[PDB]
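Laid out below as structure tokens are two forms of one and the same protein chain, each shown alone and named structure 1 and structure 2.
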Structure 1
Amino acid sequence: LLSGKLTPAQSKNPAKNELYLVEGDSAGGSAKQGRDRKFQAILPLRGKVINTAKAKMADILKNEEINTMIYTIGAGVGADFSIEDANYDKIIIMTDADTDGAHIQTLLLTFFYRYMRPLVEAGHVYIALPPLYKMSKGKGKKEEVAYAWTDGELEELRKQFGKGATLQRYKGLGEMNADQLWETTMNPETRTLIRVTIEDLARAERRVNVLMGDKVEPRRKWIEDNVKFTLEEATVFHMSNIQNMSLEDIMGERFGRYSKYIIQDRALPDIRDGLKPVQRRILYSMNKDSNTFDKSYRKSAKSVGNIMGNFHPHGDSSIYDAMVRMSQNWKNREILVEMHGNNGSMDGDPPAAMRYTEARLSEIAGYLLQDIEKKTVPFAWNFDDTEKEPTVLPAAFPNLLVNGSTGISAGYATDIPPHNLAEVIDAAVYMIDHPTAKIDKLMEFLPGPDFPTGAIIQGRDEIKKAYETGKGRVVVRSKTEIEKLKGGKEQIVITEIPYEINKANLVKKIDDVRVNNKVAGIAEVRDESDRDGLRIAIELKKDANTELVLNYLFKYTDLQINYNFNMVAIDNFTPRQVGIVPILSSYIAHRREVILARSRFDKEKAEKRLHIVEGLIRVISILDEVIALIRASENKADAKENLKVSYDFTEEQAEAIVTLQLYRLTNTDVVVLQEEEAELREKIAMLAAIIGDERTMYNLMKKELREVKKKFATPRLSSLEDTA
């Protein structure tokens, strides 16, 4: 039931037959359609293959996908592996030419290396190579489709005696027709493979264990030593026919590519705006489409489709789940998306699918995007070079700390808990005035996290350690109170639970305590929560020891947990473990760049208008000459030329004069224009002084942070305690 289904070849022939291991059932379908059914079999992989270096050998051998591979190859598994029983001469791995494709290659290669080594050794395991590019279009009798695998092969194809043709940049196998798949990647005559060889059993064994073994620290080290976070990779001169590569180099190049991508571009937040790329794209796309807080909700499926088609070439379930999370006020301290409909619950009940719900950006989310239209932040080409997207948002509140981040990458993970907006701003403002400020002083403004689920955080020293180093362990404990009853009876009443805990599962875990009588005293467990309030009632038997029961429950259920800070974020393209000081100084440095770039943008605009207004006032004095000149001129371009040469107007002034509508000649009021010149000069002065003076800039930064605080501040929800 759980594995890809094998489409076998029509005829047995272990001399020639090929098993295609295909990334995904949909591309598996295309391969089924495009293949030569006589000798090529198709086994689709349902996403990420089990890591056979990490998992246990019972567990590996109860994995459906692995079993159906061992069945099909018909040769046992290593120890019992008879290459002379093998049903194929080639096992051909065919994935997307993308980073998750690279990962899948890695995982499969570790299975073959670890349990079918003769197969690898004999050079029977191959890879793929789909094209990255398709060029050209000239109708039916076509003369205008070729394919390319490198930028250099692409440059070659651009030279075609034609003009501009069409270029497709392939994102995956799922954009290719079965004809195209066969021609480019499955036909022995025309495909390009990589034969995987072992050049050195010792260097291979090392490289596979470091990349794919249980131990993080060597993999982290390998990544620090090998991955170039601030440089692109050069990428191979694509050789045709077959081309050998060592298991060593394939594993290193593939896992390097994947690692770098999921570190920088998936699971870890940017230190400045606090966003993962998917979250930033959600916000930018919704904002670009005017799906803001002040306008009506818009069908989720529409938002998600625009996000996917314009910015984020990944599954809609990934996009939609991230958008839903941004709407849930038990996950985010300051929700960034407002969602009508079933956006889930603290019981973890499934949110309605995107066909049902509708959404827009929250008001505070607009503050993440404030001044994105004023060239405040670096943009980059989207995935297919049709549109630009921000690499970071202006971020007028410090979202990294306010909403936190929880992610799992390669060689790194991150847990940054949420914080109270007012308190974070208070620390930031202090640090604007005192750049060398120390943790003890900062903690007067920012004493600890502020979970949206409230509860009690215990461990002042551990907060401090986390704020210093990025790592610490604190206790988070449910808010409880005792309530008397009839019968000489008490009940424990829970009104706030720990962050990230599922209420329904907690209730079940507590009820199992009672059922198994692990501790004595429990009469009944009732969830009495409703739409207005969380309320769990643990009703105790007559003369139960309520302290014994409550302490048992703190210890052995998630009624209390440990929260481990592991504060990692992307800073200068590279993952970095950070305390509060780097977090806040990065934010400040970011706001500095934003305010300066905004001020330049606005000043340029005001100067252009000023120069135009000066030109219009001058035009009055020479109106008859200007009209005559324009009438004499051959066209618009010529008229402007004559204005500059004859009368010393700038380009911008000349463009403005020649595009005036005739009816504007009714107005000869220079006084209103002079008033505007003066207003513009005042503004330019203020903007120039912000650019020319660090302290003027910093004082504007504080004024704006204080405004955000005043508008969005809410009371702290979690209480802080020192020890137990």
Structure 2
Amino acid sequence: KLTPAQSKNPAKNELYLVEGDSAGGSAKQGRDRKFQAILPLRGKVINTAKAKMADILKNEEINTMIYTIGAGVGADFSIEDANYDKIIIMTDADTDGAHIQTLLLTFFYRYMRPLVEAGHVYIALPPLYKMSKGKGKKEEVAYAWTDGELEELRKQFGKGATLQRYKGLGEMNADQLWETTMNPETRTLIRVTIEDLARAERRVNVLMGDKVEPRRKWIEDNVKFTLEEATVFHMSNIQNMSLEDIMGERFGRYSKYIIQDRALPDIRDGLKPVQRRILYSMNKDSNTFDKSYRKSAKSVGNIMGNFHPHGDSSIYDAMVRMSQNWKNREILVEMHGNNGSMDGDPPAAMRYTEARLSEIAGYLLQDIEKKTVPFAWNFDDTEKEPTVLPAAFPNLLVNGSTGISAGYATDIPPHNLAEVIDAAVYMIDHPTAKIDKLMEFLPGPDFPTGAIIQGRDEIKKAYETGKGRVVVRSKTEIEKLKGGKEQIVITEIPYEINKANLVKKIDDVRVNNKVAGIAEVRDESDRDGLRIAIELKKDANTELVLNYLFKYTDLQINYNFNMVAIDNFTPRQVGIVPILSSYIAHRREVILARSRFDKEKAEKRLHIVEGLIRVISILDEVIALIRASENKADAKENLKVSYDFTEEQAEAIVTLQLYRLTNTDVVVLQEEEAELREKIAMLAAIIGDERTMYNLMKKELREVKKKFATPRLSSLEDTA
């Protein structure tokens, strides 16, 4: 891990703490090996304000930092044994970078404060952009750290130029990395000072302590979800910044991003950004259900390069999960090969597997081509991506979501498609509908793992408030055997539970003989179904055993609802009512936007058809006219002046291929006129009348339900 400097010299030597090994390789290649040491970080550093102390000192990352600094730790910290004058934190300029800077600084504040206080801890600022007027002798190369140093740089030593947009240190090489962020002549750093020991203490504890509530509160008050962030103009050479304002600039940046753009679903389409990208990318590449499977590696690589600048494993894992019918109630990806099991064994690696969108996932994307949904630039401004999908079925409830953010988490269980549509259809007709009535249609969750759900009162509370605890209990049956004996047989288990770990834990009950009567525990499951068999001993009390298992193993668990999604850019704890009204409001924007799109298209076609019908009446004249003209533009002009065609009509006439003169059937063009007028009226009516629009919204939801509805799997029971 550690690459040391050739020469000891505590007066000038530098320890580069580099985000990741790949970048650490770059830094090792680009350094001045005489006084610059490199310690790469294996990802996310332990939180030394949350974790215990058993853990802090068994952490390999932390120990080799202490070893190398060579000053001891904490209580016994000697500043002049330190082998470095500067400790330099050099991370990607992304938000996970800011999080890493955050976690280090908290370690140094707590266990190496003499070193922070004496201004020996810095942060390297790598460039966001590198401009290149390709060639121009060598390359004509300059760098830039703000939106504003970039605008400055559009002038300068050329125009019609290349602009690379840096997403990490890993995309930089040693000469680039040296010039811009490592060489003391040229580099810009920020030195970390303490301004108030009291104020900087309260900052570190609210952000990094195990108290969640103050953190969620800090985020509520400080983080502007709705607005941007001002560019923070770049200053030359070293500059000073409080531990207080660094920790809050960086952690706020992280928090906002992981809330809005990672771990939490959108309330409308129920997708995390990575899942939305998977679906969009795969659909744009025609990787649909109707067409052939396509190697996972190809899909993943296109997603990563076009939309999602992150690991191929994170993307592949997310893709695989969307194909697992014990995780998702209505799978969005079909995958050939080993996509895992309930025993949680590894899916085949992506070289092996192949994939495509499910039929139903087609319906989340339905009408995306008709400007139904806001798009934005991808990470490199090469390409647009949807911020939300059309969502012709209410995926959030149907498939649920489970995620862990900053200040917030979420748990939304899967639900029955038909039931969720039923509720939504009622609510379209009854905007003020209350829970009691909605639950006649949506009585509760419907896990793809089935089993028994207990706590009708608590479902109600979760559907009211977004929170509640419910009991999920495996489905069981007794069977008789040789010697009169019994065995408990398990056929459905609780959501999110590992079958093999459950079996093991039951077998440990047997072994430790916590309850009298267990003979043997066999998993007898196979490719066709789940079946765990708990063979009992001669005359053992079936009931006493079963009840011990439910109590003391995960044969029975509590599901805790915690229904948080993103609504108007803000995290938001929500019950069934805001969830369904948001969906409905969404489909309304979609159906109206789709209607406007198709209507504008029909109008243009109608104006042309009108034109073509007229041209046939004067075809001989139109052709002589075109022959008499000098060029295209002149022909169009003549057509307008002589015969009052529009620009649109004239352009269309003038670009007809000669063979089109073979079809001059005006009757057929008149049937098409009538059909277009009919259609424009229908579409106008939708845009003109909310109820006409809502009736369509319901018609479509019903079609979906008819096509994709499947029986409930989880049974419901009132008392818990």
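The term rigid core refers to the most C-alpha atoms you can superpose between the two forms while keeping them within 1.5 Å. For residue numbers, the reference is structure 1: its sequence is counted from 1.
key: Two-part rigid split between structure 1 and structure 2: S585, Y647 together   = The answer is no; they move as separate rigid parts.
ask   = Since the chain moves as two rigid parts, how big is the smaller part's turn between structure 1 and structure 2, in degrees?
value = Treating the chain as two rigid parts, the smaller one turns 13 degrees between structure 1 and structure 2.
query = Core superposed, what is the CA shift for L401 between structure 1 and structure 2, in angstrom?
reply = Reported C-alpha shift between structure 1 and structure 2: 0.2 Å at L401.
query = Where the rigid core has been superposed, how far does the Cα of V626 end up moving between structure 1 and structure 2, given in Å?
reply = Its C-alpha shift, to one decimal, is 3.7 Å.
key: Per-residue Cα shift, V658, between structure 1 and structure 2 [Å; core superposed]   = Rounded to one decimal, the shift is 1.4 Å.
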